[PDB]
Each structure stands twice: as structure tokens, then as C-alpha cells.
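Undergrad: Submitted below is the structure of interest, expressed as C-alpha cells.
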There are 2 protein chains.
Amino acid sequence: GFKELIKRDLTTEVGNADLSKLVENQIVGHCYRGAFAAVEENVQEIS
Amino acid sequence: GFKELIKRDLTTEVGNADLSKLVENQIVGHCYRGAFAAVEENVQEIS
């Protein structure tokens with residue numbers, strides 16, 4: 001009843017370095033992922 | 001008493017360019033430098 005969808009893992013780019021301010025490249029990581037889960041497989045407990 | 005401090009001599013680099021206006025790469029040079037001075041070395045003179 002649980003399924004993970006992994007289109008793309010962590011992928012990191014570097015760019016948009018504004019030389020007019022001496023700022024370094026913006027470093028950005030991005031990921032394409034999804035999860036499928038349901039209450040039809042679980043029982044929650046106390047203590 | 002005078003000492004010259006060098007960290008980056010002269011670093012020239014080309015970066016962001018606005019393709020939407022057909023602008024070439026902005027060219028920017030930058031250097032990291034420092035100087036140390038004193039009064040224990042100099043005598044001012046007139047004429």
C-alpha cells in the first residue's frame with residue numbers, strides 16, 4: 001500500500017552569478033519525487 | 001615600515017550576459033590588495 005516515485009534524484013546546479021555585485025554562483029539543488037501512502041495499512045497505538 | 005599585501009593580483013572574468021538584449025558578457029576585473037603605512041618613516045618638506 002506504499003509506493004515511492006523517483007523521477008529524478010537530488011541534482012545541483014550553479015549559476016546566476018551577478019558579477020556587478022561580486023556575488024558567487026547561486027547553488028541550487030532540486031529533486032523530482034513523489035510518495036503514495038494510505039491509512040489502509042496502519043494502526044496507530046498509545047504507549 | 002611600508003609593506004604591500006597581495007591576495008589576488010588581478011582576476012579578470014566574464015559573467016552574466018543578457019541574451020534578451022543581445023548584450024555581450026559583462027567583463028569585470030577585481031583584485032585583493034592592502035598597504036601598510038606609517039609616520040615613523042617620513043619627513044615632509046616644503047619646496
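Every chain in the C-alpha cells has a letter given in the order shown (A, B, ...), and although residue numbers restart at 1 in each chain, ligands are simply numbered from 1 in the order shown.
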Taking only C-alpha atoms into account, report as number ranges by chain which residues of chain B lie within 8 Å of chain A.
TA: B: 14-16, 26, 28
Undergrad: Can you give chain B as a PDB file with N, CA and C atoms, in the first residue's frame after you superpose it on chain A, pairing all C-alpha atoms in order for the least-squares fit?
TA:
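out-v2.pdb, written as the output of this step:
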```pdb
ATOM      1  N   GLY B   1       1.116  -0.974   0.075  1.00  0.00           N
ATOM      2  CA  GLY B   1       0.324   0.230  -0.073  1.00  0.00           C
ATOM      3  C   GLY B   1       1.154   1.489  -0.172  1.00  0.00           C
ATOM      4  N   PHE B   2       2.406   1.424   0.263  1.00  0.00           N
ATOM      5  CA  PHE B   2       3.316   2.557   0.215  1.00  0.00           C
ATOM      6  C   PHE B   2       4.207   2.405  -1.006  1.00  0.00           C
ATOM      7  N   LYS B   3       4.305   3.459  -1.812  1.00  0.00           N
ATOM      8  CA  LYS B   3       5.161   3.425  -2.986  1.00  0.00           C
ATOM      9  C   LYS B   3       5.840   4.767  -3.196  1.00  0.00           C
ATOM     10  N   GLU B   4       7.122   4.684  -3.532  1.00  0.00           N
ATOM     11  CA  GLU B   4       8.014   5.821  -3.692  1.00  0.00           C
ATOM     12  C   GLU B   4       8.226   6.067  -5.174  1.00  0.00           C
ATOM     13  N   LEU B   5       8.038   7.311  -5.599  1.00  0.00           N
ATOM     14  CA  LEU B   5       8.080   7.701  -6.999  1.00  0.00           C
ATOM     15  C   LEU B   5       9.252   8.651  -7.180  1.00  0.00           C
ATOM     16  N   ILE B   6      10.227   8.252  -7.994  1.00  0.00           N
ATOM     17  CA  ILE B   6      11.444   9.032  -8.200  1.00  0.00           C
ATOM     18  C   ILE B   6      11.483   9.477  -9.652  1.00  0.00           C
ATOM     19  N   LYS B   7      11.727  10.772  -9.879  1.00  0.00           N
ATOM     20  CA  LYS B   7      11.945  11.298 -11.219  1.00  0.00           C
ATOM     21  C   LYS B   7      13.270  12.028 -11.347  1.00  0.00           C
ATOM     22  N   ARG B   8      13.686  12.758 -10.317  1.00  0.00           N
ATOM     23  CA  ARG B   8      15.027  13.327 -10.251  1.00  0.00           C
ATOM     24  C   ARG B   8      15.536  13.148  -8.834  1.00  0.00           C
ATOM     25  N   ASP B   9      16.616  12.381  -8.680  1.00  0.00           N
ATOM     26  CA  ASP B   9      17.102  12.047  -7.347  1.00  0.00           C
ATOM     27  C   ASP B   9      17.527  13.302  -6.594  1.00  0.00           C
ATOM     28  N   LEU B  10      18.613  13.931  -7.032  1.00  0.00           N
ATOM     29  CA  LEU B  10      19.001  15.231  -6.508  1.00  0.00           C
ATOM     30  C   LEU B  10      19.903  15.917  -7.516  1.00  0.00           C
ATOM     31  N   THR B  11      19.379  16.919  -8.208  1.00  0.00           N
ATOM     32  CA  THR B  11      20.115  17.628  -9.246  1.00  0.00           C
ATOM     33  C   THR B  11      20.590  18.950  -8.665  1.00  0.00           C
ATOM     34  N   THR B  12      21.904  19.090  -8.519  1.00  0.00           N
ATOM     35  CA  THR B  12      22.531  20.309  -8.028  1.00  0.00           C
ATOM     36  C   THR B  12      23.147  21.051  -9.202  1.00  0.00           C
ATOM     37  N   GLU B  13      22.914  22.359  -9.265  1.00  0.00           N
ATOM     38  CA  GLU B  13      23.389  23.153 -10.384  1.00  0.00           C
ATOM     39  C   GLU B  13      23.683  24.570  -9.917  1.00  0.00           C
ATOM     40  N   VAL B  14      24.604  25.214 -10.627  1.00  0.00           N
ATOM     41  CA  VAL B  14      25.063  26.564 -10.330  1.00  0.00           C
ATOM     42  C   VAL B  14      24.729  27.440 -11.526  1.00  0.00           C
ATOM     43  N   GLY B  15      24.128  28.600 -11.260  1.00  0.00           N
ATOM     44  CA  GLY B  15      23.594  29.448 -12.309  1.00  0.00           C
ATOM     45  C   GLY B  15      23.997  30.903 -12.220  1.00  0.00           C
ATOM     46  N   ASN B  16      23.005  31.787 -12.307  1.00  0.00           N
ATOM     47  CA  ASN B  16      23.266  33.211 -12.464  1.00  0.00           C
ATOM     48  C   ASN B  16      24.046  33.767 -11.280  1.00  0.00           C
ATOM     49  N   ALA B  17      25.053  34.581 -11.589  1.00  0.00           N
ATOM     50  CA  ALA B  17      25.916  35.207 -10.597  1.00  0.00           C
ATOM     51  C   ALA B  17      26.053  36.678 -10.942  1.00  0.00           C
ATOM     52  N   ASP B  18      25.813  37.547  -9.965  1.00  0.00           N
ATOM     53  CA  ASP B  18      25.824  38.986 -10.209  1.00  0.00           C
ATOM     54  C   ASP B  18      27.266  39.473 -10.172  1.00  0.00           C
ATOM     55  N   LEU B  19      27.880  39.592 -11.351  1.00  0.00           N
ATOM     56  CA  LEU B  19      29.266  40.039 -11.421  1.00  0.00           C
ATOM     57  C   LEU B  19      29.420  41.469 -10.927  1.00  0.00           C
ATOM     58  N   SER B  20      28.376  42.287 -11.058  1.00  0.00           N
ATOM     59  CA  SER B  20      28.461  43.677 -10.630  1.00  0.00           C
ATOM     60  C   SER B  20      28.660  43.818  -9.126  1.00  0.00           C
ATOM     61  N   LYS B  21      28.381  42.767  -8.350  1.00  0.00           N
ATOM     62  CA  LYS B  21      28.612  42.749  -6.909  1.00  0.00           C
ATOM     63  C   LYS B  21      29.613  41.677  -6.493  1.00  0.00           C
ATOM     64  N   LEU B  22      30.344  41.085  -7.440  1.00  0.00           N
ATOM     65  CA  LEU B  22      31.335  40.050  -7.145  1.00  0.00           C
ATOM     66  C   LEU B  22      30.718  38.871  -6.397  1.00  0.00           C
ATOM     67  N   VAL B  23      29.481  38.524  -6.729  1.00  0.00           N
ATOM     68  CA  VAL B  23      28.776  37.419  -6.091  1.00  0.00           C
ATOM     69  C   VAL B  23      29.041  36.145  -6.877  1.00  0.00           C
ATOM     70  N   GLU B  24      29.300  35.061  -6.156  1.00  0.00           N
ATOM     71  CA  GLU B  24      29.553  33.772  -6.774  1.00  0.00           C
ATOM     72  C   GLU B  24      28.250  33.170  -7.290  1.00  0.00           C
ATOM     73  N   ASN B  25      28.379  32.068  -8.026  1.00  0.00           N
ATOM     74  CA  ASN B  25      27.212  31.407  -8.595  1.00  0.00           C
ATOM     75  C   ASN B  25      26.266  30.952  -7.496  1.00  0.00           C
ATOM     76  N   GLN B  26      24.991  31.287  -7.647  1.00  0.00           N
ATOM     77  CA  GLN B  26      23.978  30.736  -6.763  1.00  0.00           C
ATOM     78  C   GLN B  26      23.919  29.234  -6.972  1.00  0.00           C
ATOM     79  N   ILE B  27      23.997  28.472  -5.884  1.00  0.00           N
ATOM     80  CA  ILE B  27      23.987  27.011  -5.947  1.00  0.00           C
ATOM     81  C   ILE B  27      22.610  26.549  -5.503  1.00  0.00           C
ATOM     82  N   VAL B  28      21.928  25.782  -6.354  1.00  0.00           N
ATOM     83  CA  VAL B  28      20.566  25.342  -6.079  1.00  0.00           C
ATOM     84  C   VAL B  28      20.459  23.863  -6.396  1.00  0.00           C
ATOM     85  N   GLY B  29      19.870  23.114  -5.474  1.00  0.00           N
ATOM     86  CA  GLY B  29      19.567  21.708  -5.665  1.00  0.00           C
ATOM     87  C   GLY B  29      18.062  21.523  -5.708  1.00  0.00           C
ATOM     88  N   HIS B  30      17.620  20.616  -6.578  1.00  0.00           N
ATOM     89  CA  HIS B  30      16.205  20.346  -6.772  1.00  0.00           C
ATOM     90  C   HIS B  30      16.010  18.872  -7.084  1.00  0.00           C
ATOM     91  N   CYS B  31      14.908  18.317  -6.581  1.00  0.00           N
ATOM     92  CA  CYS B  31      14.550  16.923  -6.790  1.00  0.00           C
ATOM     93  C   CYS B  31      13.064  16.827  -7.098  1.00  0.00           C
ATOM     94  N   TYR B  32      12.722  15.840  -7.921  1.00  0.00           N
ATOM     95  CA  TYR B  32      11.347  15.533  -8.293  1.00  0.00           C
ATOM     96  C   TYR B  32      10.968  14.202  -7.661  1.00  0.00           C
ATOM     97  N   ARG B  33      10.113  14.252  -6.641  1.00  0.00           N
ATOM     98  CA  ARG B  33       9.816  13.060  -5.861  1.00  0.00           C
ATOM     99  C   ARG B  33       8.352  13.059  -5.477  1.00  0.00           C
ATOM    100  N   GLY B  34       7.836  11.866  -5.233  1.00  0.00           N
ATOM    101  CA  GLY B  34       6.471  11.713  -4.766  1.00  0.00           C
ATOM    102  C   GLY B  34       6.350  10.477  -3.911  1.00  0.00           C
ATOM    103  N   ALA B  35       5.337  10.471  -3.057  1.00  0.00           N
ATOM    104  CA  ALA B  35       5.057   9.346  -2.182  1.00  0.00           C
ATOM    105  C   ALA B  35       3.572   9.049  -2.232  1.00  0.00           C
ATOM    106  N   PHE B  36       3.225   7.770  -2.103  1.00  0.00           N
ATOM    107  CA  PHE B  36       1.838   7.342  -2.010  1.00  0.00           C
ATOM    108  C   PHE B  36       1.646   6.617  -0.689  1.00  0.00           C
ATOM    109  N   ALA B  37       0.624   7.012   0.063  1.00  0.00           N
ATOM    110  CA  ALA B  37       0.349   6.490   1.396  1.00  0.00           C
ATOM    111  C   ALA B  37      -1.024   5.822   1.403  1.00  0.00           C
ATOM    112  N   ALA B  38      -1.488   5.436   2.588  1.00  0.00           N
ATOM    113  CA  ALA B  38      -2.763   4.741   2.687  1.00  0.00           C
ATOM    114  C   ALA B  38      -3.203   4.673   4.144  1.00  0.00           C
ATOM    115  N   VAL B  39      -4.465   4.273   4.326  1.00  0.00           N
ATOM    116  CA  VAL B  39      -5.011   3.902   5.628  1.00  0.00           C
ATOM    117  C   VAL B  39      -5.188   2.400   5.769  1.00  0.00           C
ATOM    118  N   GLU B  40      -5.044   1.641   4.686  1.00  0.00           N
ATOM    119  CA  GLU B  40      -5.243   0.201   4.712  1.00  0.00           C
ATOM    120  C   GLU B  40      -4.033  -0.555   5.237  1.00  0.00           C
ATOM    121  N   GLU B  41      -2.995   0.142   5.704  1.00  0.00           N
ATOM    122  CA  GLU B  41      -1.766  -0.487   6.152  1.00  0.00           C
ATOM    123  C   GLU B  41      -1.433  -0.231   7.610  1.00  0.00           C
ATOM    124  N   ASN B  42      -2.051   0.759   8.251  1.00  0.00           N
ATOM    125  CA  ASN B  42      -1.584   1.268   9.531  1.00  0.00           C
ATOM    126  C   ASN B  42      -2.613   1.055  10.624  1.00  0.00           C
ATOM    127  N   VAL B  43      -2.102   0.862  11.835  1.00  0.00           N
ATOM    128  CA  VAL B  43      -2.900   0.891  13.051  1.00  0.00           C
ATOM    129  C   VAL B  43      -2.163   1.793  14.028  1.00  0.00           C
ATOM    130  N   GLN B  44      -2.828   2.853  14.477  1.00  0.00           N
ATOM    131  CA  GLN B  44      -2.268   3.711  15.505  1.00  0.00           C
ATOM    132  C   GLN B  44      -2.393   3.034  16.861  1.00  0.00           C
ATOM    133  N   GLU B  45      -1.438   3.327  17.739  1.00  0.00           N
ATOM    134  CA  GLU B  45      -1.398   2.764  19.075  1.00  0.00           C
ATOM    135  C   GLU B  45      -0.922   3.839  20.029  1.00  0.00           C
ATOM    136  N   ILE B  46      -1.418   3.774  21.257  1.00  0.00           N
ATOM    137  CA  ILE B  46      -1.067   4.716  22.308  1.00  0.00           C
ATOM    138  C   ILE B  46      -0.192   3.999  23.318  1.00  0.00           C
ATOM    139  N   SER B  47       0.896   4.650  23.705  1.00  0.00           N
ATOM    140  CA  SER B  47       1.899   4.062  24.571  1.00  0.00           C
ATOM    141  C   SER B  47       2.430   2.797  23.920  1.00  0.00           C
TER     142      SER B  47
END
```
Undergrad: Where does DSSP see helix (DSSP H, G or I) in chain A, if you list the residues as a PyMOL selection string?
TA: chain A and resi 19-21+39-41
Undergrad: Mind writing the picked residues with N, CA, C and O atoms as a tab-separated table (two decimals), in the first residue's frame?
TA:
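Output (part09.tsv):
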```
chain	number	residue	atom	x	y	z
A	19	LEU	N	27.98	39.35	-11.57
A	19	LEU	CA	29.30	39.95	-11.47
A	19	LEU	C	29.24	41.41	-11.06
A	19	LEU	O	30.21	41.92	-10.48
A	20	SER	N	28.13	42.10	-11.31
A	20	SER	CA	28.03	43.50	-10.94
A	20	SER	C	28.01	43.71	-9.43
A	20	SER	O	28.12	44.86	-8.99
A	21	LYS	N	27.84	42.65	-8.64
A	21	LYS	CA	27.92	42.72	-7.18
A	21	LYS	C	28.99	41.81	-6.60
A	21	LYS	O	29.05	41.65	-5.38
A	39	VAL	N	-4.08	5.21	4.75
A	39	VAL	CA	-4.47	4.71	6.07
A	39	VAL	C	-4.89	3.25	6.05
A	39	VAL	O	-5.06	2.65	7.12
A	40	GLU	N	-5.01	2.64	4.88
A	40	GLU	CA	-5.48	1.26	4.78
A	40	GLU	C	-4.42	0.23	5.11
A	40	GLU	O	-4.63	-0.95	4.80
A	41	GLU	N	-3.29	0.62	5.71
A	41	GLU	CA	-2.23	-0.31	6.07
A	41	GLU	C	-1.69	-0.10	7.48
A	41	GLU	O	-0.68	-0.72	7.83
```
